[PDB]
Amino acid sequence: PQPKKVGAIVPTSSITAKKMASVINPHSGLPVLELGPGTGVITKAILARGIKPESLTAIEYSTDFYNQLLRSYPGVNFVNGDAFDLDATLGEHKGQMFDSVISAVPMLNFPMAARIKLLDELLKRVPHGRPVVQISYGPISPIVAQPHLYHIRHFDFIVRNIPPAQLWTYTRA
């Protein structure tokens, strides 16, 4: 028979969210950048690491989701805008460094060229060697290898996620 809720249209599992938030160093003194917070399940796992709410910046395109996040997570620096336009959402880069980037934007909704460019821009705003972590659902990295720009590592696989979740991490080469 025909299954409902095909694809990835339910919130990410709490098991997956905790694993993505485990890359964070809450003792580094640097804020965290979250992309595409949605219902806030990964936001919760980020705050559970002990990040001060004012030190979490989360960029959400949907105005409906954004208005609800403001009311559910007091103190967190939510921004209503497009994560692929970091200049418009974060401002022109003038030195701000994030501890790490936690991304759940749906990479496959965008051209590969856009994904590579965004990743190259995000790695300018974290210290050399620190990660971007991305969730995806296919068998391969959602962002193709460009070894002169970044290094790809498989981070984890969570079969209890609906659908099963692959986690990838990226660092500056």
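Just count from 1 along the sequence shown to find any residue number.
> Comparing 108 to 116 with 138 to 146, which stretch shows the greater average C-alpha B-factor in the deposited entry?
The stretch with the larger mean CA B-factor is 138 to 146.
> Would 84 to 92 or 98 to 106 have the larger average of its C-alpha temperature factors, as given in the entry?
Averaging CA B-factors over each stretch, the winner is 84 to 92.
> Please rank the C-alpha B-factors of the chain's modelled residues and tell me whether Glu34 sits in the lowest, middle or highest third.
CA B-factor rank for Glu34: lowest third.
> Compared with the other modelled residues in the chain, in which third is the CA B-factor of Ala17?
For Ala17, the deposited C-alpha B-factor lands in the middle third.
> With respect to C-alpha B-factor, does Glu121 fall in the lowest, middle or highest third of the chain as deposited?
It falls in the middle third of the chain.
> Report the third (lowest, middle or highest) to which the CA temperature factor of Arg49 belongs, ranking only the modelled residues of the same chain.
Tercile = middle for this residue's CA B-factor.
> Lowest, middle or highest third: where is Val41 by C-alpha B factor in its chain?
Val41: CA B-factor falls in the lowest third of its chain.
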